[PDB]
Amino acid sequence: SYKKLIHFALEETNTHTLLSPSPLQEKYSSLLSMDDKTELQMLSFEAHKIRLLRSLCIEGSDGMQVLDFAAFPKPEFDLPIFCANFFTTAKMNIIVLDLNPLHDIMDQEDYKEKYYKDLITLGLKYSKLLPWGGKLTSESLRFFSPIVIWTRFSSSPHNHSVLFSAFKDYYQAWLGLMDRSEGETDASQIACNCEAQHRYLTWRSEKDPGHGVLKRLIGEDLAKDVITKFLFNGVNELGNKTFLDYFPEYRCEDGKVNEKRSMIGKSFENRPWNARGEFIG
């Protein structure tokens, strides 16, 4: 049960700071699927440095277990975004676990060395235990860190045990970053951190792979509501640019968003970072 990972994370967070209830708890807590057989459980909090810590947990009556757990920092704290997205069936697991970088780590080097230099060892430990998931939407790499755990594996006691240990080790590392995060003082830099987060939220609210599953469970209208106002809350408030403003490649011949998840196509059949965290893909 992924609920135990949520309990772990909330307990650990309250040893590094004090969580307060998010106002979203008044509008997003429990939601049944349309056929009433599956329950969506949602929690939301905030802290002095955390704009939104929220979780969605789904435990269906046929082996389906889903976890979407994220911590979004306030724009004054340029912390990575903690990201745990686990899609599990009775046999299969499709897993993304990462400290998503707020700013670009592809071309520039300052942000990458600021947050990930001391974490390469952690990424190396679990990249051996949870192998690269294979080819994936190329545009998604723009948001992944050198220590990302992208993996597919069949269910087993051993594999889920490794997954639990990875979540806990990665979340404790993120909390250690939070300890050291000092508030930004430059006003324009705060704006830059805010646009970077809004851009992140705009990508995922439009293209995150789990949206199809949510729409099947609770219908198009409520799914879009949960996506834009809970899971990626901030797409409406942190900026005015649209998805097509950030990613004009997706503008279709009709002026709408291209139905394709990936304009480039899926690539990177092998992990595109080496054992030292240098991008090689």
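In case it trips you up, residue 1 is the first one in the sequence shown, and so on.
Taking the PDB entry as given, 186-194 carries the higher mean Cα B factor of the two stretches 141-149 and 186-194. The mean C-alpha temperature factor is higher for 30-38 when 49-57 and 30-38 are set side by side. Ranking 94, 83, 201, 90 by the C-alpha B-factor listed in the PDB entry places 90 at the top. The residue among 127, 100, 165, 172 whose C-alpha carries the highest B-factor in the deposited model is 127. In this PDB entry, the Cα temperature factor of residue 107 sits in the top third of its chain's modelled residues, the highest group. Split the chain's modelled residues into thirds by C-alpha temperature factor. Residue 73 is in the highest one. Ranked by Cα temperature factor within the chain, residue 216 sits in the middle third according to the deposited record.
Per-chain ranking of the deposited C-alpha B factor places residue 241 in the middle third. When the modelled residues of the chain are ordered by C-alpha B-factor, residue 222 sits in the lowest third.
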